[PDB]
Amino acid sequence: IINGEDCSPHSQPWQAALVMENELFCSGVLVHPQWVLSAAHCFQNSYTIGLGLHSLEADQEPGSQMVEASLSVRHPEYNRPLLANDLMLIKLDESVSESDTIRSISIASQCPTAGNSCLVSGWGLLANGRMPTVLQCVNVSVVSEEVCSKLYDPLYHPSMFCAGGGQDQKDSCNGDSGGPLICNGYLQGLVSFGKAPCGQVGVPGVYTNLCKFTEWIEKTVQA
């Protein structure tokens, strides 16, 4: 998270960390007691998922849970076209109990509004290139479909929306993939991709447009 700040501890209790040999590589979002939503490009044959975290040392985070998962379902149109439909559902090996620091979030059914101020959270790289110690948060503004398409055509697809790109250089960065973009108390997007290096003036990040997938999500979780 470029040019954000430390989140209020446990203010984003749906945040999930995807870790590989105790190092984070992606986030996800608790959407159901047995299901985490993440970016399809974060796919692994099995996962260690951290819930209830602030620092990434679970040993030092009372109420945290490190849970195993092996089943994940990538959206069937993922990467047709390339970079599009970038969502997957991970089923946790066991249901998780909700608590003060672990909670599901609802998904927006309405598409994003240009100018809407929304919140992204994650443990990815900082402006200074280092990894932060605790969960970072930053506010970014949803960009018009016209500005999204001008910048990213021919890779823009309406499974995507853009946000950020201000003078303030606020943006997601590497390790923030799959984490939440929250608008008005709902989950509106997942961190997906952007121009590299991250934070460039006038180049917004791209987020999975979750309002297009509310039926696929409900069906996968219920089947």
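One rule holds for the numbers: they count along the sequence shown, beginning at 1. Each form is matched to the other, and the largest set of C-alpha atoms that superpose within 1.5 Å is called the rigid core.
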Which stretch is less alike in 5 other deposited structures of this protein, 194-202 or 28-36, counting RMS CA distance after the rigid core is superposed?
194-202
Per the PDB entry, mean CA B-factor is higher for 86-94 or 110-118, namely for 110-118
Taking only the CA atoms, which stretch has the higher mean B-factor in the record, 52-60 or 193-201?
193-201
Kindly indicate the residue among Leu125, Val143, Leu71, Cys137 with the greatest C-alpha B-factor in the PDB record.
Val143
Looking at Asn174, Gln167, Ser46, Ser38, which one carries the largest C-alpha B-factor according to the PDB entry?
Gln167
Give the position of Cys183 by CA B-factor within its chain, expressed as the lowest, middle or highest third.
highest
Once the chain's modelled residues are ordered by C-alpha B factor and cut into thirds, is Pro81 in the lowest, middle or highest one?
lowest
Compare the C-alpha B factor of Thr214 with those of the other modelled residues in its chain, then answer lowest, middle or highest third.
highest
Chain thirds of CA B-factor: placement of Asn22:
highest
